[PDB]
Each structure stands twice: as C-alpha cells, then as structure tokens.
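Given next are the chains, with one letter for each unit.
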Amino acid sequence: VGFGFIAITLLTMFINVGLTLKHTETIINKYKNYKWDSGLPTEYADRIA
Amino acid sequence: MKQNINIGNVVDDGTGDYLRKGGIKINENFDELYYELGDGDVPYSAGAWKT
C-alpha cells in the first residue's frame, strides 16, 4: 500500500523450426564414363541397342 | 583454333577426352575447316569466299 506502480507488458514466442528440417535420404550412382582412351578387351557385346 | 581433340597418352590410362566431348570438338572442327573452303554442306576444290 502507499505505492502505485507502472506496468509495461511483453511477450515471447517459442517455436520449433528445426524438428521439421532433416535429411530425407541420400543416394548415389554407378556410371561408365566414355573418355575414349581405351581398348575393349574384357568381354564384348553385352548391351546392344 | 583447329579445335584439336586430345586424349591422354597411352591407351587404357585414366586420361582421355570424352566420347561426349569427342563430338562438336570434332564436328565444329569439320565446319570450320569446311566452312572457309566449303561454305555450307559441300567443299569447293575451287575454294569458297564469303561476301
């Protein structure tokens, strides 16, 4: 008693961004690069258009 | 400007150009060597000039 007081109000917000973020899945690939600079020799043929 | 097409060194080695870049390094090569002398599809033994 005997005192007033003055009141300012505030607010905060608590939010998860990251839980949604993840890495889904990772994949890779196997390739045969045609550079020239080769002989055939092993095997033959095989895949034929 | 001849658009010379490399392959690396010895056969079977890692280094070489490409099959893919084989083309258009080779094809544009045709054109230019052609295009001055040829003008179009066909070469001119008599030569070709450009207006």
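What counts and what doesn't
Residues numbered from 1 in each chain as written, not as in the entry; some residues may be left out. Chains lettered and ligands numbered in written order. Part of a larger assembly, values for the part shown. Heavy atoms only, no water. Salt bridge = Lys/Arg side-chain N within 4 Å of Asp/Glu carboxyl O. Helix = DSSP H or I, 4+ residues; strand = E, 2+ residues; numbered from the N terminus. Buried < 20%, exposed > 50% of the residue type's maximum accessible area, 1.4 Å probe, protein only. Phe/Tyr/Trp six-rings, centres within 6.5 Å; stacked < 30°, edge-to-face > 60°. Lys NZ or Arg CZ within 6 Å of the ring centre and 35° of its normal. Contact = heavy atoms within 4.5 Å. Buried area = accessible area lost by both parts, 1.4 Å probe. Polar contact = N/O pair within 3.5 Å; in protein donor to acceptor, adjacent residues only side chain to side chain. Nonpolar A, V, L, I, M, F, W, Y, C, P; charged D, E, K, R; others polar.

As stated in the entry header, the method of structure determination is cryo-EM and the reported resolution is 6.77 Å.

Examining the pattern of salt bridges
All names here are of chain B. In the structure shown here, the tally under the stated rule is one salt bridge over all chains. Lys 50 is paired through a salt bridge with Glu 36; the nearest N and O atoms lie 2.6 Å apart. Of this pair, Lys 50 sits in the segment after α2 (27-38) while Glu 36 sits in helix α2; the two residues are 14 residues apart in sequence, bridging distant segments of the chain. Residue classification places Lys 50 among the partly exposed positions, given a relative accessible area of 34%.

Let's talk about the packing of aromatic side chains
Aromatic ring pairs: the centre-centre distance and the angle between the two ring planes describe each pair. Tallied over the full model, the rule gives zero aromatic pairs over all chains. Taking NZ or CZ as reference, A:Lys35 lies 3.3 Å from the ring centre of B:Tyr18, over its face. Its end group placed over the ring of B:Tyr35, B:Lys50 keeps NZ or CZ at 3.2 Å from the ring centre.

Quick word on the interface of chain A and chain B
Contact residues are listed per partner, giving seven residues for chain A and 16 residues for chain B. If you sort the residues of chain A by the area they bury against chain B, A:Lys35, A:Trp36 and A:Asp37 come out on top, with a joint share of 77%. Our count for the contact surface shared by chain A and chain B stands at six residue pairs in polar contact. Across the side of chain A that touches chain B, the residue classes break down as two nonpolar, three polar and two charged.

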